[PDB]
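First, one chain by itself: the form deposited in one PDB entry, in structure tokens.
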């Protein structure tokens, strides 16, 4: 057959235009393509090709001429294959059914896809996650009316009535339409698409009309979430009898929960809206089929109605961030056999934990009661039932008292324990080290005393250890060296003593290290510069002495921070008003806690919290090849001179070496820190002239060189003219504006 001779030559030609050789090493001439990797054959004839997740790095023109023209080819999967360029006219095999070009660098107007109409048998098309757009006026049509499945999601499409453009030539055969994650706005009319089952217009710019669904005869999945929609969606979906999933979350809908089609409903999300009232009784109509419910981020109140006990298929119930009050409805919750996730966080649920809660320790994967008015002791009988399935236990930001039950070790599947922000006293039970799967241990802001258990070394999966603001004494356990997956360690505000161990450098995943307000002594380890992930170091208010090692900045430029991202935090800026407040600012973990309860720190901290709070999710300014972003060693007994290597950290935002015994002169390399915002070298024995090179710093919003032996003229260029005289005071030999003219 000529087609067989043609098949092999086209495949090999495609291999040869690949910039990277050896990418398809088993592809070779004078061999049967059915033996090639990525190829699928039926009766010794290629029917499908899959080169997904291979960095092909070639233009679409290569694909179209070599691959899409192959006789008998039924499907082609090139997802995440690093293909760029634009789609354009080409001869397409009439047998081609599915084409996946998702997650690539395809560019140009979305009108380029119309040329795929040369594929007569095309039915499935995935061009999601590319850079396709819609320049200027929207006119004409996509003109692919034979498609059953189309995914234009996560592109750069921006325009009004782009959906109408897609459906202009007809949607009679269309079963699945996803256009999510764009900037499309205007009207959505799928009433002519009588076989439509899946519709996702989420994360767009729709601010006016709700999609018109017509008879809505075949619709099962409807996602309009992540828009600016308001109005009466109830009436719009009222005719949809086959509806299974309804996601209207993150919109501007108001009022009480309206009527919904419940008979086939599996998933329902009303989350992140302006809905009010209490959970109506009529929702019991979904209890036969309802798998998941999310009412979070609204103004709902009252108590969880009793009818929920009839929903035995409900796997997930999220009522977080509302005004639900009363005690824990253990009556209804025990009637739900299939519930694996309970989230009542950020509510006003009050009272002590009922003893029947222990029954859900063998059922629930996630129990989140964080930020509530719960009081009394933590149930010691928690996880009494054998084979406990509990993974996440969030009890933070409550009125819990007493001791941490050592019995919590009986929950062996626990990956996250958050007991922070409570009135818990006693010590940390050493049995917690017996948790082989534990990743996050957060107990901060409690009255916990004693020492940090040495037995924690038996947790090789440990990632975050947050013990801030307790009465913890003793030294850092030598066994923590065995936890190599540690990224976030914060032991600040305790009475901890000893030194930073030399094995600290052996933690290659360590990103944040905060030891402030302790009695830590000794010298700063040179092995701190063996940490490849460290971007945040806060050692302020300790007994550290000796000279700053130059080697600690050795990884500068090599730093890689990845796993640290995505974690919720508060950063409380230091108000320079009060002398009792130390450090540049307080970085603290803040998952599942209200900023409104930050006043609980008032008794434990001298700093004023008023208008100095920054809240977000950890977001490094780089991925690989970065540097330390934060460095604070202020209020210590550090001596010697600042090493010139200090200026090797271009991503450093803040540098506070204030209140030390550091001598010498400010190195000229400080002027190479081009990302620097704050620079506090005040209250030291620094002498000499301020290096003119510091005039190159364009990002400084704050500086303090006061209380030093600095002399000579202040640099006249740069940002020095911006800063007030107060920042240079108590420097006898220092002159020039903002100070008086030199003599």
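Residue numbers count along the first chain shown, from 1. If you superpose the two forms and keep the largest set of C-alpha atoms that fall within 1.5 Å, you have the rigid core.
Enquirer: Quick check on the record: does 178-186 or 633-641 carry the larger mean Cα temperature factor?
Expert: Stretch with the higher mean C-alpha B-factor: 633-641.
Enquirer: Using only C-alpha atoms and the B-factors in the entry, which stretch averages higher, 86-94 or 213-221?
Expert: The deposited B-factors put 86-94 ahead on the C-alpha mean.
Enquirer: Which one, 499, 343, 232, 100, has the peak C-alpha temperature factor per the PDB entry?
Expert: Comparing C-alpha B-factors across 499, 343, 232, 100, the top value belongs to 499.
Enquirer: Highest Cα temperature factor in the entry, among the options 544, 77, 488, 198: which one is it?
Expert: Answer, based on the entry's C-alpha B-factors: 544.
Enquirer: Of the three thirds of its chain by CA temperature factor, lowest, middle or highest, which one includes residue 171?
Expert: Bottom third by C-alpha B-factor.
Enquirer: Considering every modelled residue of the chain and its Cα B-factor in the PDB entry, is residue 719 in the lowest, middle or highest third?
Expert: Middle third of the chain for residue 719's C-alpha B-factor.
Enquirer: Tell me, lowest, middle or highest third: where does the Cα B factor of residue 449 rank within its chain?
Expert: For residue 449, the deposited C-alpha B-factor lands in the highest third.
Enquirer: Please place residue 594 in the lowest, middle or highest third of its chain according to the CA B-factor in the PDB entry.
Expert: As the PDB entry reports it, the C-alpha B-factor of residue 594 lands in the middle third of its chain.
Enquirer: For residue 307, does the deposited CA B-factor place it in the lowest, middle or highest third of the chain?
Expert: Highest third of the chain for residue 307's C-alpha B-factor.
Absent from the display: the form deposited in another entry. The rest refers to it.
Enquirer: Following superposition of the rigid core, which of 662, 106, 245, 333 is the only residue with a C-alpha displacement of 2 Å or more between the shown form and the other one?
Expert: The residue that shifts is 106.
Enquirer: Rigid core superposed, CA of residue 724 - does it shift 2 Å or more between the shown form and the other one?
Expert: After core superposition, the displacement of the residue 724 C-alpha between the shown form and the other one stays below 2 Å, so no.
Enquirer: Would you say whether residue 66 is displaced between the shown form and the other one, judging by a C-alpha shift of 2 Å or more on the superposed rigid core?
Expert: Moves: yes, 2 Å or greater.
Enquirer: Once the two forms are fit on the core, has residue 524 moved its CA by at least 2 Å between the shown form and the other one?
Expert: It does not reach a 2 Å shift.
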